[PDB]
Each structure stands twice: as structure tokens, then as C-alpha cells.
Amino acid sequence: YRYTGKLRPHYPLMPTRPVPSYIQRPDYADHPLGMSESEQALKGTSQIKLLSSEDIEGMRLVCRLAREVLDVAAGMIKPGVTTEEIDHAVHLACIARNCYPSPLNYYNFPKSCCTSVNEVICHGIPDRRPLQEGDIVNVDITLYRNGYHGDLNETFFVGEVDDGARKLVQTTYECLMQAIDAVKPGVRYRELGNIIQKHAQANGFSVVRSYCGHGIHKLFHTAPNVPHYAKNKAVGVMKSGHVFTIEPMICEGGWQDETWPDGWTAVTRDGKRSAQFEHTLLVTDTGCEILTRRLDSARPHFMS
């Protein structure tokens, strides 16, 4: 394997962290390949759950809890902290909230969150590497409570970063918020990518294509599939009671991605930097509720 940039995995990984048996698990948690019966059962489906009011309530609770766990992680972003240390903290913080860390053994993903540094687009596996001043780092959190999943991420600055870092991060967030702003009943899922790319390209950035936003509720990933790039073939129309994410990944250089031999880590083929943000959204009559929004601040962490 020829790595695309300067980052290398830092093994070995600390042994898998156990989840106390009292925590409710999703179906894949103890599958040996981390497969989810329920997700496969709807694989290739185009139909989109209309959540009931109790659904909506479970979704509100788990997304607020996931936000709380992300905020715990944000509080540890500093030079010299390892992504593995971040994950240990996240893992305890899920357990303390009585939630299962959704990423754990999801298709054998071996950690409880993703930490994606610099040229890692997404799904980085927490490891022994200490964070370096100048890095950017995304932490992606997903929790499971009472049959429901809630998913969010943000990109963070590690001490001081270069203007290009600042520009990529702010721009990515602006991409996400401009997309959310278009969310309301009657809007086509494919329109979101047009809005995202339009802003990305205007700032001299490219848009990752192999990874999409997705529906989420009782399933971790399900319809709709939501591409972040222009002129895409996404199927379906927003309707009050839909829940899904938008999570653009935006790049310095080219858009092309490839995967590390670990089977998970997605990096720029060109070794240049990528940033992402994610929210879990519910479509309401007037627009949408940002179920994973920060409550103690109007803004994401990087700009506070």
C-alpha cells in the first residue's frame, strides 16, 4: 500500500472496549461480521419512513445525547492527545448516557467513533497518533438508544492552523448550512448536491462523491441516499416526518477517494485535506428541525 499523504496508521490498537450488557444493542452489535439483518432487509429500497410522534421523540432524545457526546470530544481536541484517547472518552460518555456507540462493530468497525485527520475524508479509525498543532480533525459520533440512532460530526482545529485550513473548514460548514436551509417539504433530495457543490466550487474546493448523506432512525443507514455533488440521481421528495443526514465532505484538491488497507479509512487519492460536517435532520411542515444542533452555543466549535 502506497499512502496518499503524510498520515500513517499508528498501531497496535488498544483492545476492543466492552459495552456493559445492560445497554441496549442494535442487531449488528453481536453479529460476527457486524452485519445488520434489518438494514439488509431494506437494502435497495427507495421508500422513506414517515416517523410517528413516538419515533420523533426517540429521535430527539438520541440526537441530543449524541450532541452531548460530541461536545465531550470537542473539549479534548488539543495537540498531543491521541485519537484513541478521544474514542475512550467518547465510549464512556455513551455508556454514561445509557447508549450504545453505534459505530462499534458496525460491519466490524473496531471503535466507538470515527476520527478523521487532515487527508482522511471520513471513517478514520482512532489510533495511537497524537494530534499535532496544525491538524484538522473530524470526530463523528453516532449513538443508539431505545431502537433509534443519532448521527453527527464536526471538523475541529488542533491549536493554530493555516489559512487554507480555516478556509476549507468554514466553507464546508457553510456548504452544510446552505443545504439545511433548503430543507422543507416538497424539495427533491437531489437538489441538496447542487447547492453544496455550487458553494464548494465557488471557493476552489471539490466535492467527495463515494459517500452520501442518508436516512436514519431505527436503522443506521437507509433511504434516502443523499449525494453532496451537483446533478445526481437521488430519488425521492422531502416530506414532513422524514429524517435523514446531510454530511458534505469537501476537499482542497481533487474529489477522488480511496480506502486504506484497514477497509475503513477513506482518504484523498491526492493526499490533500478534507473537511466534513454532519447533522441529523427532521423535515417539519415549515422546513426542518436540526435534531443534532448544539444547544449551549449558536455556532460549531471551530468558530467558538
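The first residue of the sequence shown is number 1, and the count goes up from there. In this text, rigid core is short for the largest set of C-alphas that superpose within 1.5 Å between two forms.
- For 40-48 versus 249-257, the mean Cα distance to the shown form in 5 other deposited structures of this protein after rigid core alignment is larger for 40-48.
- Note on 108-116 vs 131-139: mean CA B-factor is higher in 131-139.
- Mean CA B-factor, 37-45 versus 22-30: the higher value falls on 37-45.
- Within the group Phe220, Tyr100, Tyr189, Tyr211, the record's highest C-alpha temperature factor is found at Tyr189.
- Within the listed group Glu68, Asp262, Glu247, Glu54, the record reports its top CA B-factor for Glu54.
- Compared with the other modelled residues of the chain, the Cα B-factor recorded for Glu84 ranks in the lowest third.
- Per-chain ranking of the deposited C-alpha B factor places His123 in the lowest third.
- Sort the modelled residues of the chain by CA B factor and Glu258 lands in the middle third.
- Placement of the Cα temperature factor of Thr286 within the chain: highest third of the modelled residues, per the deposited record.
- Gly150: CA B factor lies in the lowest third for its chain, per the PDB record.
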